[PDB]
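Residue numbers (the entry's author numbering), protein chains in the order written: chain S, 188 to 375; chain R, 4 to 375; chain Q, 4 to 375; chain D, 1 to 283; chain l, 1 to 7; chain k, 1 to 7.
Take a look at the structure set out below.
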Amino acid sequence: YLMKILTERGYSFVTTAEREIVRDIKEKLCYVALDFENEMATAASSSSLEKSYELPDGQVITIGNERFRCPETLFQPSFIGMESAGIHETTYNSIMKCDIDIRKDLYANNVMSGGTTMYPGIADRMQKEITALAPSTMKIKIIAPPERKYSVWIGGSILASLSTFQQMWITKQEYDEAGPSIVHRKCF
Amino acid sequence: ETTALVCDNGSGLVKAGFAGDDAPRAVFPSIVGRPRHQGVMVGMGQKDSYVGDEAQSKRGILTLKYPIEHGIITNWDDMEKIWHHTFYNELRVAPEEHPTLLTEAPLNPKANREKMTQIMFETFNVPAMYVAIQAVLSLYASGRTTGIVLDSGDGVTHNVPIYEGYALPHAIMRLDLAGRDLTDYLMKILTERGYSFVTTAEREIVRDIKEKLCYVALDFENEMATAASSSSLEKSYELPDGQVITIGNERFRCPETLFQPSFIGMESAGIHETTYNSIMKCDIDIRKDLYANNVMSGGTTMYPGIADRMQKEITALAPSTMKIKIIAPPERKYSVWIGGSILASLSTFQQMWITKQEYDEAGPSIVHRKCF
Amino acid sequence: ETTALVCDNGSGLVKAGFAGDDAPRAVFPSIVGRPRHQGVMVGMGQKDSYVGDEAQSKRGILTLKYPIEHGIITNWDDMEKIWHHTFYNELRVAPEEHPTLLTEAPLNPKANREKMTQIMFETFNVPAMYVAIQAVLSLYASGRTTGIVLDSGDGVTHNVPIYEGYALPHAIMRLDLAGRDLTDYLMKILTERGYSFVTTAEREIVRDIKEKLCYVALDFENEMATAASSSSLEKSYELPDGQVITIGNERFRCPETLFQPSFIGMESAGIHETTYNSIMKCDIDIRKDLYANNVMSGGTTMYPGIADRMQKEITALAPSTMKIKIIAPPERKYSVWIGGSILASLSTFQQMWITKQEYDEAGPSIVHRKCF
Amino acid sequence: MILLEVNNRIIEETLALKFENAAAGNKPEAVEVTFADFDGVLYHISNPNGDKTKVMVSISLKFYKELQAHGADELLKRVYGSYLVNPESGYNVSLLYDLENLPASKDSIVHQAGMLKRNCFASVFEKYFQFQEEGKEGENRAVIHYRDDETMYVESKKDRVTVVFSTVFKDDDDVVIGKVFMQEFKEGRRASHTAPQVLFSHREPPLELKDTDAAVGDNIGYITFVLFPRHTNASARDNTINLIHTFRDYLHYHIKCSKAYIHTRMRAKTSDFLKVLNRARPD
Amino acid sequence: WXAXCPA
Amino acid sequence: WXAXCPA
Ligand SMILES: Nc1ncnc2c1ncn2[C@@H]1O[C@H](COP(=O)(O)OP(=O)(O)O)[C@@H](O)[C@H]1O
Ligand SMILES: Nc1ncnc2c1ncn2[C@@H]1O[C@H](COP(=O)(O)OP(=O)(O)O)[C@@H](O)[C@H]1O
Ligand SMILES: [Mg+2]
Ligand SMILES: [Mg+2]
């Protein structure tokens with residue numbers, strides 16, 4: 188989507204090398220917007236939001252509304268044409284499908300991880316959206332550790348270090364005697 | 004105020020005419036040439052700038068330059084000059100008398116649209132105008148509401164899947180490959196044969212040669228093998244100077260670049276692959292309708308046998324359980340203009356125009372929200 | 004079978020020598036002259052045809068004709084005669100004893116390559132040979148793997164962008180402008196000064212004059228203004244007859260034709276513009292490497308100050324945010340021969356040769372697929 | 001001239017004429033002249049008193065009060081050394097040359113004095129750029145309206161700097177021509193690589209100027225140049241300052257040049273019209 | 001174009 | 001050459 192919009196601005200990128208270039212650009216000069224309409228209006232007064240990036244060839248590209256447009260696709264999948272809902276709606280539906288009592292605990296604890304959730308202000312927007320959707324009688328807290336990129340690897344290392352897990356492994360003897368289907372029953 | 008004028012700023016040619024006519028009244032290439040020599044004779048202070056068929060006739064002493072490159076304008080002075088020429092010298096109709104219709108390729112920068120609208124509203128003070136897409140006009144000309152467009156023009160090739168009463172903007176693919184790259188590759192290969200062509204005049208000559216003596220090959224390897232037995236495929240062409248050039252494998256080599264972009268070094272896919280990807284990205288149910296209807300238009304798709312090759316490739320790629328049909332009208336060159344004329348003739352469209360009052364009060368950004 | 008011979012058919016001065024030596028063992032111009040008068044004396048039945056330094060010495064009674072014109076051979080008899088002369092009289096080495104290496108400019112007709120291979124394999128029955136490109140050998144001589152080559156020879160100027168371990172055949176530009184056109188323009192201007200030169204002997208004289216008293220100008224207008232104050236720039240040359248010729252603005256006028264082809268009337272661009280276009284056509288990432296490395300070779304790029312002018316022009320055209328470096332080795336004249344010798348000395352290349360058995364069984368078309 | 005110069009050649013010429021005969025004994029050459037340049041500022045050269053051994057140069061800056069409030073201590077020692085003295089004419093910076101002391105340099109001093117107006121103007125822009133460079137808390141934005149009724153505003157925040165221009169045209173004839181001239185300013189970018197973004201706005205003033213009491217009205221356009229360190233470092237600072245300061249007179253001069261160009265074109269076409277007419281007279 | 005390709 | 005230019 189970022190490539191498609193960069194085309195609408197006037198900059199064209201098709202091949203995979205420019206795909207990596209645009210990936211870096213997004214990694215460096217993208218952020219989420221608390222309010223979409225207010226940000227668009229302030230963009231109408233485009234004198235303090237535009238930023239410049241230096242390409243390998245030396246060409247300079249000026250990026251304005253695209254900084255806060257592409258991340259909004261997460262909350263508005265309709266931009267790409269997908270008939271689905273945003274992350275906030277999906278999390279709300281998932282929590283609602285759970286039992287009533289555990290809903291309080293789930294609201295009180297919301298862990299997020301992955302490389303797509305490092306955009307500044309994402310936690311605040313998610314908190315605001317969830318509180319607006321959820322009843323306004325309790326407290327909703329968002330936890331955003333600054334090392335969520337490698338959280339999965341750290342968890343795997345800690346799990347491996349656990350003494351009790353030294354026996355849950357799958358060895359060659361049992362795999363050969365049983366077959367590949369064993370992993371299916373191993374913790375689902 | 005009885006009719007409207009539809010102008011198609013084609014990447015290599017310009018089509019214009021009245022709304023209602025079945026054929027264009029003005030068909031000249033987009034050339035803006037200037038003298039390259041000094042000039043000695045005194046009885047002529049003539050036309051420092053040249054445009055149109057005049058430029059084509061006296062191309063031997065001019066540095067021809069195409070104002071539009073791959074669908075995006077590069078020199079605005081040349082485009083304004085060609086607009087003035089077409090409006091006055093050829094059409095002989097004042098801009099105020101009737102409105103104007105403009106068309107452009109998809110996924111174009113907004114700057115071009117804003118500049119074009121501003122120039123049209125300010126310089127010629129046209130009462131009203133509109134901006135549309137060539138593919139939708141192709142649908143209107145074809146008298147169909149569902150299908151996939153193959154608008155392979157001289158500068159840009161693009162596809163836009165459509166369904167009954169709606170479009171799919173998220174499944175639009177634009178390819179820079181077009182006739183100009185084919186002409187460049189043809190020049191390069193003609194060099195390998197032994198014939199050299201560099202300047203723009205020989206560029207036009209090679210363009211004509213390709214227009215007259217080029218065709219697509221159902222099987223590349225079989226055609227190459229038959230060329231190894233080169234006794235029935237070579238053809239001769241007469242140059243203006245009288246020299247005769249014999250062309251063999253080059254007839255079916257350059258068109259294959261469309262299906263094999265790797266020849267020019269572009270890391271992309273062919274038209275068949277791009278259309279397959281575009282149709283796959285669509286919903287499952289509409290895939291059947293899109294397969295059943297495949298409209299193609301543009302001046303780069305007149306090569307005989309192209310439809311058969313496309314059908315064979317699509318059927319090979321697509322599952323072999325349904326029927327794939329290719330529709331190749333014999334008037335696809337002016338399909339865009341016919342569609343524009345029909346759309347203008349529509350009664351409901353008489354109110355969708357953009358007038359000077361609303362444009363001035365709102366601003367150039369209005370066209371952006373006008374049907375995307 | 005211990006070494007191989009590398010021969011560079013410059014459409015100007017031919018270079019030959021053994022594989023391993025750091026300097027060529029035979030450097031003579033490509034001249035095939037024949038007597039123009041009748042002949043009266045009886046004690047001489049000498050050599051109806053003349054070639055080499057002999058032709059240069061007695062050029063006053065001969066109609067010198069260059070067998071190779073702008074990189075493409077025109078007379079095969081002359082080329083075979085020069086090949087025989089170089090092989091026997093100068094090198095005194097039989098073709099069978101060692102193989103031969105040949106080089107040619109890019110984008111040349113396949114007919115020339117096939118004819119050359121057939122003649123080499125049939126007439127001299129060389130055990131093996133190969134065909135290469137001067138630019139790649141220039142890279143090998145320079146000991147680098149990435150850069151852009153400016154192979155401005157006497158007959159052809161061309162560029163071939165390269166990257167680590169691979170080339171970019173789709174970004175090759177060949178310009179017919181070369182030293183011969185410069186010499187013709189120099190003759191034309193020397194006529195405007197008051198000195199006339201028409202025949203081929205005076206062509207060689209003017210070639211020497213240009214080789215000795217020509218240089219490039221950093222700024223054309225400033226140099227012209229300083230020429231208006233012509234009291235420190237004029238230089239004198241001594242002709243064979245003793246006449247003295249004073250040369251002023253012509254010293255820095257003819258070289259400027261390279262950057263301003265419009266002087267001769269060619270509708271093309273200068274070397275700087277062509278190199279910029281070639282580099283731009285490449286991928287974005289490799290543009291930095293290509294800018295950082297710019298190898299130049301050929302006998303037409305020895306004019307002092309050419310490197311500085313090229314650097315200034317490229318930096319002005321290119322964005323002013325990086326560093327552009329020009330590398331001008333002081334032995335670029337024989338860079339192609341050195342590269343060919345080094346390539347032949349490579350162990351891995353001992354198997355890439357083309358032998359008589361495979362050539363006879365396959366045919367002349369084999370060389371076409373051999374490294375393009 | 002295409003890029004309007006910054007060095008007033010009047011001072012250069014008069015100082016050259018004075019100094020070329022300086023080494024000729026007790027030669028006072030009493031001088032008293034009044035000049036004028038762009039931005040509606042008046043110069044004045046006149047000896048302080050009967051003593052003609054000292055020559056003084058002064059300025060009449062319109063927005064002088066802002067400069068005094070800001071403080072230009074940097075300009076008092078970097079470009080101008082000990083030859084600067086308190087204002088006399090109208091509370092505006094005035095310098096003088098001490099002829100009794102040997103003047104060693106001839107061209108450098110004249111060139112330094114030639115750019116007096118821009119030299120004093122830079123005291124604010126260069127200091128704002130230093131503020132954003134040094135990491136100091138973003139200094140409060142300022143508005144600097146010079147003699148022209150229009151206004152200039154600058155904002156110096158972190159990671160970039162900003163500047164906005166307000167345009168006013170007096171005569172009704174040139175309003176539309178200037179509007180056309182500035183319409184294409186915001187778009188011409190196909191020949192510039194390392195250049196800042198450009199935009200034009202006349203109906204809707206930028207949100208930055210709402211609070212500031214800058215040029216506000218109806219027939220007033222706006223131009224903003226986005227600034228980045230790649231073209232505002234210690235190397236490309238003087239060029240940018242010269243370009244922005246000479247922006248107004250540049251627009252004016254090129255408008256007049258276009259007027260002359262169209263005059264020439266119509267004069268050329270009159271000949272063709274006369275040639276067409278001449279078909280009526282007999283052979 | 002401005003970045004990528006010429007136009 | 002054969003067509004265009006001499007060679
Ligand atoms: N008879 C033809 N056969 C094949 N190609 C043609 C023929 N006539 C034109 N062309 C090609 O189609 C191009 C012009 O067709 P056109 O549709 O007007 O381009 P555009 O998309 O800008 O309107 C030319 O560049 C030419 O290469
Ligand atoms: N010392 C020189 N200075 C300048 N130019 C020279 C000099 N020697 C040769 N040249 C030029 O370079 C040309 C020959 O160089 P060369 O590389 O042998 O041509 P080619 O590329 O066909 O081998 C001559 O035509 C001459 O104009
Ligand atoms: Mg078209
Ligand atoms: Mg050579």
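We put the CB at the ideal spot given by N, CA and C, even for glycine.
Return the Cβ separation of R/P98 and R/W356 in integer angstroms, given the expectation that the two are a contact with Cβ distance under 8 Å. Taking the second sequence and counting its residues from 1, the one referred to as residue 98 of chain R is at position 95. Taking the second sequence and counting its residues from 1, the one referred to as residue 356 of chain R is at position 353. Actually they do not touch by this definition, with Cβ atoms about 14 Å apart.
So does the segment 138–154 of chain D actually touch the segment 162–179 of chain D, counting three or more Cβ pairs closer than 8 Å? yes
Contacting residues, own chain, Cβ-Cβ under 6 Å from D/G90 (five flanking each side not counted): Position 90 of the fourth sequence holds residue 90 of chain D. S60, listed in sequence order.
Using a 10 Å radius around the Cβ and a threshold of 16 neighbouring Cβ atoms, would you call R/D157 buried or exposed? The residue you call residue 157 of chain R lines up with position 154 of the second sequence. That one is buried.
Give me the Cα-Cα distance between Q/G42 and Q/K61, rounded to the nearest whole angstrom. Position 39 of the third sequence holds residue 42 of chain Q. Position 58 of the third sequence holds residue 61 of chain Q. The straight-line gap separating the alpha-carbon atoms of Q/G42 and Q/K61 is approximately 15 Å.
So is residue 378 of chain Q in contact with chain S if we call contact Cβ pairs under 7 Å? Given that chain Q is displayed from residue 4 to residue 375, the structure contains no residue 378 of chain Q and the question cannot be resolved.
Entirely within the segment 193–267 of chain Q and at least 3 residues each: give me those beta strand (DSSP E) ranges in chain order. 238–241, 247–250
Is D/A142 helix, strand or coil when you go by DSSP? The residue labelled residue 142 of chain D in the question sits at position 142 within the fourth sequence. Strand, per DSSP.
Could you tell me the distance, in whole angstroms, from the CA atom of D/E133 to the CA atom of D/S192? Looking up residue 133 of chain D in the fourth sequence gives position 133. Looking up residue 192 of chain D in the fourth sequence gives position 192. Between D/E133 and D/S192, the C-alpha separation is close to 25 Å.
May I ask whether a heavy atom of ligand 2 can be found less than 6 Å away from the beta carbon of Q/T203? The residue you call residue 203 of chain Q lines up with position 200 of the third sequence. The answer is no for Q/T203.
Compare the C-beta of S/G197 with all C-beta atoms of chain R and state if any pair is closer than 7 Å. As a first step, residue 197 of chain S must be located in the first sequence, where it is residue number 10. So, interface residue.
Which residue comes first and which comes last in the alpha helix (DSSP H) that contains D/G178? What you label residue 178 of chain D is simply residue 178 of the fourth sequence in a count that begins at 1. 172–183 is the span of the alpha helix (DSSP H), which, as asked, contains D/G178.
Taking DSSP's pairing of strands, which residues face Q/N297 in a bridge? Position 294 of the third sequence, counting from 1, holds the residue named residue 297 of chain Q. According to DSSP, which records beta bridges pairwise, Q/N297 is partnered with Q/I151.
Between R/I34 and R/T203, what straight-line distance do the alpha-carbon atoms span, to the nearest angstrom? Here residue 34 of chain R refers to the residue found at position 31 of the second sequence. Here residue 203 of chain R refers to the residue found at position 200 of the second sequence. Taking C-alpha positions only, R/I34 is separated from R/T203 by approximately 11 Å.
Just the C-alpha distance for Q/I75 and Q/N111, rounded to the nearest angstrom, thanks. Start at 1 with the first residue of the third sequence, and residue 75 of chain Q comes out as number 72. Start at 1 with the first residue of the third sequence, and residue 111 of chain Q comes out as number 108. In a straight line, the C-alpha of Q/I75 is about 7 Å away from that of Q/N111.
According to DSSP, is Q/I287 helix, strand or coil? Against the third sequence, residue 287 of chain Q aligns to sequence position 284. Helix, per DSSP.
Taking only three categories from DSSP, how would you classify R/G20? By one-based count along the second sequence, residue 20 of chain R stands at place 17. In this structure, R/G20 counts as strand in the three-state DSSP scheme.
Proximal chain Q residues relative to S/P333, where beta-carbon distance stays under 7 Å: Here the question's residue 333 of chain S lines up with position 146 in the first sequence. The contacting residues do not exist; S/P333 stays about 32 Å from chain Q at best.
Delimiting residues of the beta strand (DSSP E) encompassing R/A135: Here residue 135 of chain R refers to the residue found at position 132 when the second sequence is read from its first residue. That run of the beta strand (DSSP E) goes 131–136.
Taking Cβ-Cβ distances shorter than 7 Å, what residues in chain S pair up with D/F228? Looking up residue 228 of chain D in the fourth sequence gives position 228. Chain S residues near D/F228: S239.
With H, G and I counted as helix, E and B as strand and the rest as coil, what does DSSP make of Q/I75? To locate residue 75 of chain Q, count along the third sequence from 1; it is residue 72. Three-state DSSP puts Q/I75 in a strand.
What whole-angstrom Cβ distance do D/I220 and D/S166 have, given they're in contact under 8 Å? Within the fourth sequence, residue 220 of chain D is the residue found at index 220, counting from 1. Within the fourth sequence, residue 166 of chain D is the residue found at index 166, counting from 1. Right, the Cβ-Cβ distance comes to about 6 Å (below 8 Å), so this counts as a contact.
Mind checking whether R/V370 and R/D11 have CB atoms under 7 Å apart? Translated into positions along the second sequence, residue 370 of chain R becomes position 367. Translated into positions along the second sequence, residue 11 of chain R becomes position 8. It is not a contact, given that the beta carbons lie outside the stated cut-off.
Looking only at its own chain, which residues have a Cβ that is under 7 Å from the Cβ of R/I64, when we skip the five neighbours before and after it? For this step, residue 64 of chain R is matched to residue 61 along the second sequence. Excluding sequence neighbours, R/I64 sits near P38, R39, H40.
How many whole angstroms separate the CB atoms of R/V209 and R/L193, which I take to be in contact at a CB cut-off of 8 Å? To locate residue 209 of chain R, count along the second sequence from 1; it is residue 206. To locate residue 193 of chain R, count along the second sequence from 1; it is residue 190. Contact flag correct, Cβ pair sits at about 7 Å.
Helix, strand or coil at R/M44 according to DSSP, with G and I counted as helix: Residue numbering aside, residue 44 of chain R sits at position 41 when the second sequence is read from its first letter. In the structure shown, R/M44 sits in coil (DSSP, three-state: anything other than H, G, I, E or B).
Please compile the residues from chain Q whose C-beta is within a distance smaller than 7 Å of the C-beta of D/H193. Position 193 of the fourth sequence, counted from the start, is the residue given in the question as residue 193 of chain D. The contacting residues are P322.
Look up S/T351 in the DSSP assignment and say whether it is helix, strand or coil. Reading the first sequence from its first residue, position 164 is the one you call residue 351 of chain S. Residue state, collapsed to three classes: helix.
Suppose you measure from the CA of R/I136 to the CA of R/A108; what does that come to, to the nearest Å? Your numbering for residue 136 of chain R matches position 133 in the second sequence. Your numbering for residue 108 of chain R matches position 105 in the second sequence. When rounded, the distance between both Cα atoms is 6 Å.
Should Q/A19 and Q/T89 be called a contact, given that it needs their Cβ atoms to be closer than 7 Å? For this step, residue 19 of chain Q is matched to residue 16 along the third sequence. For this step, residue 89 of chain Q is matched to residue 86 along the third sequence. Judged by beta-carbon spacing, Q/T89 lies within the 7 Å limit of Q/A19, meaning their Cβ atoms are closer than that value.
I need the boundaries of the alpha helix (DSSP H) containing D/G114, first residue and last residue. Taking the first residue of the fourth sequence as 1, we reach residue 114 of chain D at position 114. It spans 107–114 - the alpha helix (DSSP H) in which D/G114 sits, taken as one unbroken run.
Sheet register partners of D/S156 (DSSP bridge): By 1-based counting over the fourth sequence, the position of residue 156 of chain D is 156. Answer is D/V161, bridged to D/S156.
So if I threshold CB-CB distances at 9 Å, which residues from the segment 283–314 of chain R count as touching chain D? none
Using the beta-carbon count (16 or more within 10 Å), is Q/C285 buried or exposed? Numbered from its first residue, the third sequence carries residue 285 of chain Q at position 282. It is buried - the Cβ of Q/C285 has at least 16 other Cβ atoms within 10 Å.
Measuring straight from C-alpha to C-alpha, what distance separates R/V152 and R/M305? In the second sequence, residue 152 of chain R corresponds to position 149, counting from 1. In the second sequence, residue 305 of chain R corresponds to position 302, counting from 1. Rounded to whole angstroms, R/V152 to R/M305 spans 15 Å at the Cα level.
Closer than 6 Å to a non-hydrogen atom of ligand 4 - does that hold for the CB of Q/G156? If you number the third sequence from 1, residue 156 of chain Q lands on position 153. Indeed, a heavy atom of ligand 4 lies less than 6 Å from the Cβ.
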